[PDB]
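Chemist: sequence and experimental coordinates follow.
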Protein chains: 2
Amino acid sequence: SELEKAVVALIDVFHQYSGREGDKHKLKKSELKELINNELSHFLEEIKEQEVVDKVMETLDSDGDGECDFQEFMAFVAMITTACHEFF
Amino acid sequence: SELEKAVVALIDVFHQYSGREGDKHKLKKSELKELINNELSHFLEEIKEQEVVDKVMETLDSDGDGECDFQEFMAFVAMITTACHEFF
Ligand SMILES: CN1CCN(c2ccccc2C/N=N\C(N)=S)CC1
Ligand SMILES: CN1CCN(c2ccccc2C/N=N\C(N)=S)CC1
Ligand SMILES: C[As](C)(=O)[O-]
Ligand SMILES: C[As](C)(=O)[O-]
Ligand SMILES: [Ca+2]
Ligand SMILES: [Ca+2]
Ligand SMILES: [Ca+2]
Ligand SMILES: [Ca+2]
């Protein structure tokens, strides 16, 4: 189904970026940026400034370890989905 | 992108079922059941007993109004995605 395809897409895209550098199960600043710029180009403005990268990570980093884990990525997805939902 | 397609799939499948009966922005017991049975047939066991329907709603119903709204649906999706993530 389309729902099951959406579940596996969330897992795959996270790992496409998290496993690039350092901890393979977390997104660092540069990995989060590329994910937003390449995969969310219709929902979000392209990030071109360092302070936007820093602010976005600050917002998503719930436990405060400097990176975005899978749970925090899921919360980010929930935010975008809710913002898009309320648009209509 | 695949991620953006996943975001719109979550919104669409929720409304496919929530808008069937009663409140068009919330899932009642029978609507939640059909969503699980039709759209999550590879991730979850088919619900065939009433007490399984009742228990699942009890688990998902965070604010305690008897139904599953969009925020609660997103938390449900997060649960399944995390369970599938940890499987590998
Ligand atoms: C600069 N933009 C271009 C992408 N946009 C957008 C694009 C398509 C459909 C809906 C939205 C609307 N709204 N919100 C989100 N995507 S979070 C708006 C922001
Ligand atoms: C009775 N089942 C059939 C569907 N399953 C399943 C199917 C495919 C890939 C991974 C899982 C594994 N694990 N978890 C979830 N889907 S939440 C297991 C449960
Ligand atoms: C850790 As690699 C070689 O997939 O960027
Ligand atoms: C409320 As209807 C007619 O789409 O089931
Ligand atoms: Ca990483
Ligand atoms: Ca973190
Ligand atoms: Ca309803
Ligand atoms: Ca509720």
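Modeler: On my side now, so go ahead. Residues are numbered from 1 along each chain as shown, chains lettered A, B, ... in the order given. Ligands and ions are numbered 1, 2, ... in the order given.
Chemist: which other residues reach stretch A:70-78?
Modeler: For stretch A:70-78, the external contacting residues (C-beta atoms under 8 Å, 6 or more residues apart in numbering or on different chains) are A:10, A:14, A:18, A:25, A:27, A:60-63, A:68, B:7, B:74-75, B:78, B:81-82, B:85. Any C-beta I mention is one placed from the backbone N, CA and C, and that applies to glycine too.
Chemist: same thing but 7 Å
Modeler: With C-beta atoms under 7 Å, 6 or more residues apart in numbering or on different chains as the contact definition, stretch A:70-78 has outside contacts at A:10, A:14, A:25, A:27, A:60-62, B:74, B:78, B:81, B:85.
Chemist: also stretch A:1-14?
Modeler: Residues outside stretch A:1-14 that contact it (C-beta under 7 Å, 6+ apart): A:35, A:39, A:70, A:73, A:77, B:2-3, B:6, B:9-10, B:13, B:39-40, B:42-43, B:80-81, B:84-85.
Chemist: now that stretch - C-alpha only, CSV.
Modeler: Extracted as CSV, the C-alpha positions of stretch A:1-14 are listed here (Å, rounded to 0.1, in the frame of the first residue of the first chain):
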residue,chain,number,x,y,z
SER,A,1,0.0,0.0,0.0
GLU,A,2,0.9,3.7,-0.3
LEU,A,3,1.1,3.9,3.6
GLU,A,4,3.6,1.0,3.8
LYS,A,5,5.7,2.6,1.0
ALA,A,6,5.7,5.8,3.0
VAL,A,7,7.0,4.0,6.1
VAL,A,8,9.9,2.5,4.3
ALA,A,9,10.7,5.8,2.5
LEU,A,10,11.1,7.5,5.8
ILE,A,11,13.6,4.9,7.0
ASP,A,12,15.5,4.8,3.8
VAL,A,13,15.9,8.6,3.4
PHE,A,14,17.1,9.0,7.0
